[PDB]
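> Sequence below, structure please.
(6 chains, ligands or ions: 17)
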Amino acid sequence: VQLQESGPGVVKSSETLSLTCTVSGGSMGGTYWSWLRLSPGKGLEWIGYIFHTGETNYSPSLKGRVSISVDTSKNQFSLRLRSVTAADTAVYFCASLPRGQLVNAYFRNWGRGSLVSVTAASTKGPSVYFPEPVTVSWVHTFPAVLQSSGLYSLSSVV
Amino acid sequence: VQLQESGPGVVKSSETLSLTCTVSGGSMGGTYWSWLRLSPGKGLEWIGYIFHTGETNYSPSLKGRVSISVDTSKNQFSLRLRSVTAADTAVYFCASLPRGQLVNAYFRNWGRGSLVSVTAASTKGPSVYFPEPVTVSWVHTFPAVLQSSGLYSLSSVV
Amino acid sequence: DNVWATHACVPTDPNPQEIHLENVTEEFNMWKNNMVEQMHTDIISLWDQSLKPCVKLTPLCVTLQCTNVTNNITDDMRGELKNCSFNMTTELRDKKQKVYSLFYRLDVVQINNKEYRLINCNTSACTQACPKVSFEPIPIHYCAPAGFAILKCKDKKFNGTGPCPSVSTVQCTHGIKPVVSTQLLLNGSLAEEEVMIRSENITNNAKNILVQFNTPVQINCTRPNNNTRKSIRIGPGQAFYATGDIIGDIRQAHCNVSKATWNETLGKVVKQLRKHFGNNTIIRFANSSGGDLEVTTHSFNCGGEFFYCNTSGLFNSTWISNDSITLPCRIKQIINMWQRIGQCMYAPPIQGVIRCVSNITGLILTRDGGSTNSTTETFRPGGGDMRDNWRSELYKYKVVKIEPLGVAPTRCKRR
Amino acid sequence: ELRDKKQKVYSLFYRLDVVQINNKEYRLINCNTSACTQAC
Amino acid sequence: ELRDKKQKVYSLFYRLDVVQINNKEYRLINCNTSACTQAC
Amino acid sequence: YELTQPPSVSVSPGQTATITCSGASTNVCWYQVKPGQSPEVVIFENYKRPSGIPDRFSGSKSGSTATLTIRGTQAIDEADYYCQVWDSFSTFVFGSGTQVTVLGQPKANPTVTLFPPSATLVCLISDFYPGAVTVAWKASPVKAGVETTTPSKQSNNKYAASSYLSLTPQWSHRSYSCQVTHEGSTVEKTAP
Ligand SMILES: *[C@@H]1O[C@H](CO)[C@@H](O[C@@H]2O[C@H](CO)[C@@H](O[C@@H]3O[C@H](CO)[C@@H](O)[C@H](O)[C@@H]3O)[C@H](O)[C@H]2NC(C)=O)[C@H](O)[C@H]1NC(C)=O
Ligand SMILES: *[C@@H]1O[C@H](CO)[C@@H](O[C@@H]2O[C@H](CO)[C@@H](O[C@@H]3O[C@H](CO)[C@@H](O)[C@H](O)[C@@H]3O)[C@H](O)[C@H]2NC(C)=O)[C@H](O)[C@H]1NC(C)=O
Ligand SMILES: *[C@@H]1O[C@H](CO)[C@@H](O[C@@H]2O[C@H](CO)[C@@H](O[C@@H]3O[C@H](CO)[C@@H](O)[C@H](O)[C@@H]3O)[C@H](O)[C@H]2NC(C)=O)[C@H](O)[C@H]1NC(C)=O
Ligand SMILES: *[C@@H]1O[C@H](CO)[C@@H](O[C@@H]2O[C@H](CO)[C@@H](O[C@@H]3O[C@H](CO)[C@@H](O)[C@H](O)[C@@H]3O)[C@H](O)[C@H]2NC(C)=O)[C@H](O)[C@H]1NC(C)=O
Ligand SMILES: *[C@@H]1O[C@H](CO)[C@@H](O[C@@H]2O[C@H](CO)[C@@H](O)[C@H](O)[C@H]2NC(C)=O)[C@H](O)[C@H]1NC(C)=O
Ligand SMILES: *[C@@H]1O[C@H](CO)[C@@H](O[C@@H]2O[C@H](CO)[C@@H](O)[C@H](O)[C@H]2NC(C)=O)[C@H](O)[C@H]1NC(C)=O
Ligand SMILES: *[C@@H]1O[C@H](CO)[C@@H](O[C@@H]2O[C@H](CO)[C@@H](O)[C@H](O)[C@H]2NC(C)=O)[C@H](O)[C@H]1NC(C)=O
Ligand SMILES: *[C@@H]1O[C@H](CO)[C@@H](O[C@@H]2O[C@H](CO)[C@@H](O)[C@H](O)[C@H]2NC(C)=O)[C@H](O)[C@H]1NC(C)=O
Ligand SMILES: *[C@@H]1O[C@H](CO)[C@@H](O[C@@H]2O[C@H](CO)[C@@H](O)[C@H](O)[C@H]2NC(C)=O)[C@H](O)[C@H]1NC(C)=O
Ligand SMILES: *[C@@H]1O[C@H](CO)[C@@H](O)[C@H](O)[C@H]1NC(C)=O
Ligand SMILES: *[C@@H]1O[C@H](CO)[C@@H](O)[C@H](O)[C@H]1NC(C)=O
Ligand SMILES: *[C@@H]1O[C@H](CO)[C@@H](O)[C@H](O)[C@H]1NC(C)=O
Ligand SMILES: *[C@@H]1O[C@H](CO)[C@@H](O)[C@H](O)[C@H]1NC(C)=O
Ligand SMILES: *[C@@H]1O[C@H](CO)[C@@H](O)[C@H](O)[C@H]1NC(C)=O
Ligand SMILES: *[C@@H]1O[C@H](CO)[C@@H](O)[C@H](O)[C@H]1NC(C)=O
Ligand SMILES: *[C@@H]1O[C@H](CO)[C@@H](O)[C@H](O)[C@H]1NC(C)=O
Ligand SMILES: *[C@@H]1O[C@H](CO)[C@@H](O)[C@H](O)[C@H]1NC(C)=O
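Numbers count the residues shown, from 1 in each chain, chains lettered A, B, ... in the order given. Ligands and ions are numbered 1, 2, ... in the order given. Pasting the structure now:
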């Protein structure tokens, strides 16, 4: 099978997040469709899996703001997150598990991974640049820095 | 198959005409049920036909003021004419056509034909007679004349 | 070796045996054989079997309100598609939802913005073709049970009626795809030496004359607009797929046939036609004169979409003793196919552009017989009856029953 | 035939096919036991 | 039975049978795949 | 197209009667009509004929005009005839209609009467055979406010009609004349 995910790449802070991972060339018989998150500041983490009967399971650390639904008509399953803070920026995968023992089960048939960036900033020009990374040409180019306010800053010297 | 019409014989001017031709002893499979009109001053003239899936075909001279509908439950089909003037007085037949090529097709299974007369006159008495033809006895009785206003007049002399 | 479901059909054998009988003369008859009617009944019943596990779609036809969709549409086919905005029951049976769908003019009628209703639900409710099932034809081999033998014609000059000098038997028929066509036979089995003419009575104009090509002519029918499909839920587990917003412009569906190859093929047909009528008869081709849409227009399927082609630019010539002809093929969705009262189809739209490359094998013409001993005969396309479509593929077959008993005089005695 | 519209239809029924529910509200006798199939 | 008049009924379903849709509203767990068949 | 036909053809009983429908590119079809009776097809292509028809009905076509031939004219052939072809735009087109009459009784002259009012002027025309009668009015002829009765059969079985005119009480004109025309014969009767 092949799994493809889709969703917005920019969501505002304290806003309900949405994602949708579709399944092609297969069926949802006897599989645990799961969601996985790769963060750079906290490593790999687990979100939750869902079975085709509507029976769900979630991670205990994210319980209370996560909800995963299934729809076998359009052959896809979806994630929803609630009250997303600034620390939830990561890349999100969708994977599958075989039915049975989860003690030796390993995640297989991974997706591409849609990168989701969270923010609460606004449009502001640089004072020598949140919506657009500005380019300076006159030298060497240095990468940008994310501040705690959600802004950007760079430097360039010849 | 036998066909029989049913409808009013007097229709007021600038009003919607309606007729219904019923089908007995047969089925609506693969025939073009049609309508025909015989005017005494304009000759025989075609109205339109309907197929059993609702694929209609009206004459281009009367397009926009005619409507033919088929119903497979009560085993009948109907005609509707809109904005009838005084020049549409005729007798109306209903006939069928075989499915296939119309290049050699001929109308068969003709009905009786119900005369429909359209008028725009009112009730008055003869000044020596729209609702009743008056009889005068004293001689010779002679046929009546329809004026352009829709009234009647006769003559009688010994 | 889909609608034509072979999961309930037995697998065939590899390399089926064929025995060439030598000193036999069999009186064939392609117009009165009984396997064609059995094929038609099997196709109808199997089609109805394949329609059983799909969506019923009976509550759909609520009173529609349709505007003209007109966005950057081209000059021709203006006012064909409609933007209807109706509202429907949802999964919960106490709420509704206002939705929109795109429909053709040939699917909706006016009931009196003006209100519209579907053309189907005055007679019956259409049944959706649920989208796991495809309409592509696959070959089907007809076998024979024990005691019955299938005899196959092998005369190369065979008009379908009369005795045959060379007869061979076989247990299995060849690959016979149940192709859907009305005027131009598609993907059929070709002839061998010339183009052949088969009919009931060649001096009778009420019987469909049938011709079969020697070389194929390629046809390319495609639909250029980029439509999309959206899923609208009408209940707990039943989905109706409506046409979404179109990406790009709006164009009509083209159909291409090469001009010189079709002219050469028509030359072959008119050369083989005049052996039945005379060497000085002027032969003309005019366009069809049907009453409904299916007889007037060439109709087929393209993997989910049903086409209806004008085909006036092909049959327009007279014959006396890299340019491609284009045809404005048009699309309809509600299908009343086998001409039965009160049963129909909703074909869902196919996402993305669609392309079909096929080739024409036979034509179903119809004579226009004016008078006896004349000098001009004009031919028109036609059909509609689906028995003649499969009669061009089952001509070289017949079924017989063996009676192995026999008596003979001899000199012997039982003790 | 339209799912949103309704009409007013009158008919005559014999006394053995209707029952009084609680003086001008009646219903068919078959409603609380079955659903009849009309002989076509 | 009379298909114009509704009623307000009450029942006891289990926790493993209803899903929150979001005094709070609820739906049955099996009403996005297929309707059931009650065992006679 | 119009599919032009002769308006009326009158023949003696016992001989032939030929009607022509011109301007027909495609195969013709003929219908006949009688008053108070359903129409019946008679010749459904160029030359053929359906079952249950008498032997006096036959048709032929030469070029673009088609002719129907009658072998025997009787009292049951007093009917109108319409020719029919097929056209691509208008799917069925019909002819004007040819009237066939048989001479059961010989030619007799009409009689005309005129009466003054006390305000409509009456011209009564009675007892003529056959029914082909045209009328005319004179004062300086007038084209305004005249209506003509269609001919009909009475108990005499010999056709009659009438002609009416309404005049404002110009009683300016000192002469007023009513004219009749029956296959050549003209009778003039008139006055203040
Ligand atoms: C194939 O079709 C032809 C017509 O294209 C059939 O031949 C026709 O057969 C009919 C019926 O027997 C003949 O009509 C008869 O003719 C004469 C008067 O002409 C008379 O005996 C009868 O009153 C009757 O009308 C007709 O002449 C004949 N020929 C033509 C040129 O029409 C033929 O029978 C058909 N073949 C088969 C095998 O069915
Ligand atoms: C078979 O081919 C013939 C000839 O090409 C087609 O006849 C033509 O049909 C079109 C239909 O649109 C007619 O055009 C329309 O005609 C009138 C003109 O007064 C008007 O209403 C419209 O503006 C429009 O132009 C066209 O006149 C007609 N040609 C003739 C000579 O009658 C026919 O449609 C084809 N039939 C089939 C079944 O494909
Ligand atoms: C006559 O036979 C030809 C043989 O090529 C048929 O063309 C083939 O039609 C099928 C069904 O529409 C096409 O399959 C489809 O193709 C694409 C890509 O896989 C996709 O839309 C579907 O998954 C499906 O497989 C096939 O590509 C096409 N072949 C070619 C070479 O174009 C044709 O349909 C037949 N014509 C009839 C039955 O009228
Ligand atoms: C099937 O194709 C034939 C091809 O002849 C169509 O007949 C032609 O249709 C056009 C468009 O309706 C008629 O109009 C003419 O078009 C152009 C401008 O676009 C111009 O030549 C004229 O001003 C006129 O408007 C045309 O008269 C007609 N006939 C011919 C002989 O060309 C036919 O409409 C098509 N049928 C169907 C059912 O789609
Ligand atoms: C068909 O009509 C609907 C409305 O009934 C159109 O949908 C609206 O499209 C406009 C223009 O983009 C948007 O602003 C609205 O939000 C849409 N409304 C909804 C409910 O979707 C639709 O675009 C039309 N389809 C066409 C023109 O193809
Ligand atoms: C379903 O659609 C119809 C129209 O198709 C809606 O009818 C509207 O009703 C309101 C009052 O409820 C009127 O003010 C509007 O004018 C109506 N609209 C139109 C276009 O006529 C109807 O409300 C919709 N919803 C339901 C739940 O039935
Ligand atoms: C059928 O043939 C026509 C005419 O050759 C093709 O139409 C042309 O297509 C090309 C490529 O798509 C366009 O650039 C031209 O503008 C078209 N010519 C016109 C509109 O006059 C058509 O694409 C062919 N269809 C096929 C091969 O499916
Ligand atoms: C129908 O489409 C096919 C496939 O595109 C066309 O065949 C191609 O024709 C060109 C002509 O120059 C050749 O170069 C290609 O090699 C052909 N491809 C194949 C796969 O055969 C065909 O010409 C089209 N038919 C027409 C226009 O009548
Ligand atoms: C269905 O309804 C009918 C009509 O009310 C019931 O029949 C009557 O039931 C009452 C119950 O008290 C009896 O006293 C009557 O004698 C019954 N009448 C007849 C004609 O049978 C019937 O019992 C109901 N069925 C159910 C509830 O299963
Ligand atoms: C919608 O289409 C119809 C049919 O062609 C037409 O009469 C009407 O004017 C069109 N309306 C608009 C706004 O273009
Ligand atoms: C049609 O297409 C053009 C070109 O893509 C697009 O810009 C435009 O919005 C569309 N509509 C009109 C009215 O031109
Ligand atoms: C078929 O050909 C045979 C052999 O010439 C001939 O007897 C028969 O009449 C032909 N049939 C038709 C319909 O042409
Ligand atoms: C004609 O159509 C068949 C359909 O199977 C295709 O395979 C073939 O390539 C085509 N051409 C021929 C036989 O020349
Ligand atoms: C149709 O639209 C989709 C969605 O934008 C696009 O990916 C696809 O390439 C389009 N197809 C064509 C043939 O232009
Ligand atoms: C017609 O031409 C063919 C082919 O040359 C020939 O065999 C035949 O005899 C000709 N028939 C007549 C009647 O001239
Ligand atoms: C059809 O043929 C006629 C001549 O018979 C010609 O004038 C006309 O242009 C042709 N039409 C088409 C669409 O090929
Ligand atoms: C349906 O349920 C709602 C919510 O409890 C209530 O307001 C209404 O009265 C109920 N009954 C009906 C419409 O008969």
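
> partners of the host helix or strand of residue C:365, with directions?
Per DSSP states H and E: residue C:365 is located in strand C:354-368. Here strand C:354-368 has these sheet partners by DSSP bridges: strand C:184-186 (antiparallel), strand C:209-223 (antiparallel), strand C:376-381 (antiparallel).

> So that strand, near ligand 3 or not?
Yes - using CB under 6 Å from any ligand atom, strand C:354-368 reaches ligand 3 at C:356, C:357, C:358. For every residue, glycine as well, the C-beta is placed using N, CA and C.

> I'd guessed the second one sits against residue C:216; true?
No - using CB atoms under 8 Å as the test, residue C:357 is too far from residue C:216 to be in contact (11.3 Å).

> more crowded one of those two?
residue C:216 (16 against 10; other CB atoms under 10 Å in any protein chain shown).

> can you pull up the bridge partners for the residue of chain C at minimum distance from ligand 13?
Proximity of chain C to ligand 13 (CB to the nearest ligand atom) peaks at residue C:359, 3.8 Å away. According to DSSP bridges, the residues that bridge with residue C:359 are residue C:218.

> and what of the one 4 residues further on?
Assessed by DSSP bridges, residue C:363 has beta-bridge partners residue C:184, residue C:211.

> contacting residues around it?
Neighbouring residues of residue C:363 by CB atoms under 8 Å, 6 or more residues apart in numbering or on different chains: C:183, C:184, C:185, C:210, C:211, C:213, C:269, C:381.

> burial count for the fifth one?
Neighbouring residues of residue C:211 were enumerated by other CB under 10 Å; the total is 22.

> That one against residue C:271, yeah?
No - the pair residue C:211 / residue C:271 is not scored as a contact, 11.7 Å apart, by CB under 8 Å.

> got the residue ranges for the helices in chain C?
C:35-50, C:259-273, C:293-296, C:387-391 (DSSP state H).

> now, of those helices, which is deepest in the fold?
Greatest average neighbour count among the helices of chain C goes to helix C:293-296 (a mean of 22), per mean count of other CB atoms under 10 Å in any protein chain shown.

> which residues are in contact with it?
By CB under 8 Å, 6+ apart, the residues outside helix C:293-296 that reach it are B:55, B:99-101, C:106, C:182, C:288-290, C:299, C:308, C:332, C:382-384.

> cool, and stretch A:147-158?
Contacts of stretch A:147-158 (CB under 8 Å, 6+ apart): A:86, A:119-121, A:124, A:126, A:129-130, A:133-134, A:136, A:138-146.

> Give me the distance between the two termini of it.
25 Å (CA to CA, to the nearest Å).

> Next: stretch C:390-407.
41 Å.

> Can you tell me the closest non-neighbouring residue to residue F:39?
residue F:33 (4.8 Å; CB to CB, 6 or more residues apart in numbering or on different chains).

> Tell me how far that neighbour lies from ligand 5.
Here the distance between residue F:33 and ligand 5 works out to 53 Å (CB to the nearest ligand atom, to the nearest Å).

> Just give me the residue right at the centre of chain A.
By CA atoms, centre = their mean, chain A has its centre lying nearest to residue A:92, at 3.2 Å.

> Name the residues of the host helix or strand of it that are buried.
Assigned by DSSP H and E, residue A:92 belongs to strand A:90-98. Applying a neighbour-count criterion of 16 or more other CB atoms under 10 Å in any protein chain shown, one finds A:90, A:92, A:93, A:94, A:95, A:96, A:97 buried in strand A:90-98.

> Just list what it packs against, helices and strands only.
strand A:2-6, strand A:17-24, strand A:31-39, strand A:43-50, strand A:114-119 (3 or more CB pairs under 8 Å, 6 or more residues apart in numbering or on different chains; DSSP states H and E).

> Buried residues, the very next helix or strand once past the first one. List them.
Elements were assigned by DSSP H and E; along the chain past strand A:2-6, the next helix or strand is strand A:10-12. Of the residues in strand A:10-12, those scored as buried under the neighbour-count criterion (16+ other CB under 10 Å) are residue A:11.

> so what secondary structure elements neighbour strand A:10-12?
strand A:114-119.

> Show me what the helix or strand following the strand it packs on is packed up against.
Reading on from strand A:114-119 to the C-terminus, the next helix or strand found by DSSP H and E is strand A:145-146. When contacts are defined as 3+ CB pairs under 8 Å, 6+ apart, strand A:145-146 packs onto strand A:152-153.

> Tell me how many other residues crowd the closest residue to ligand 7 within the stretch 251-400 of chain C.
Nearest to ligand 7, among the residues of the stretch 251-400 of chain C, is residue C:256, at 3.7 Å (CB to the nearest ligand atom). Neighbour count of residue C:256, defined by other CB under 10 Å: 16.

> So in terms of bridging, what pairs with it?
Taking DSSP bridges as the rule, residue C:256 bridges to residue C:220, residue C:326.

> Can you give me the distance of it to residue C:325?
When distance is defined by CB to CB, to the nearest Å, residue C:256 is 7 Å away from residue C:325.

> what's near enough to touch the closest residue to ligand 5 within chain F?
Residue nearest to ligand 5 within chain F: residue F:89 (32.9 Å; CB to the nearest ligand atom). Contact partners of residue F:89, counting by CB under 8 Å, 6+ apart, are residue B:60.

> In three-state terms, label it for me.
Here residue F:89 is recorded as coil under DSSP: H, G, I helix; E, B strand; the rest coil.

> gap between it and residue C:370?
Applying CB to CB, the value for residue F:89 to residue C:370 is 22 Å.

> same check, this time on residue A:11
Counting by CB to CB, the separation of residue A:11 from residue C:370 is 77 Å.

> what about the residue in chain A that chain F sits nearest to, how many neighbours?
Closest contact between chain A and chain F, by CB to the nearest CB, is at residue A:73 (46.2 Å). Residue A:73: 12 surrounding residues under other CB under 10 Å.

> What's opposite the closest residue to it other than its chain neighbours in the beta bridge?
Spatially, and ignoring its direct neighbours in sequence, residue A:73 is nearest to residue C:239 (4.8 Å; CB to CB, 6+ apart). Under DSSP bridges, the beta-bridge partners of residue C:239 are residue C:233.

> what separates residue C:239 from residue A:103, distance-wise?
Distance, residue C:239 to residue A:103, by CB to CB: 38 Å.

> Enumerate the residues of the stretch 301-415 of chain C near ligand 16.
Within the stretch 301-415 of chain C, the positions lying close to ligand 16 (CB under 6 Å from any ligand atom) are C:312, C:313, C:316.

> With distance to ligand 1 and neighbour count as new columns, can those residues be given to me in JSON lines?
Formatted as JSON lines, those follow (distance: CB to the nearest ligand atom, whole Å; neighbours: other CB atoms under 10 Å in any protein chain shown):
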{"residue": "C:312", "distance to ligand 1": "29", "neighbour count": "16"}
{"residue": "C:313", "distance to ligand 1": "32", "neighbour count": "16"}
{"residue": "C:316", "distance to ligand 1": "27", "neighbour count": "12"}
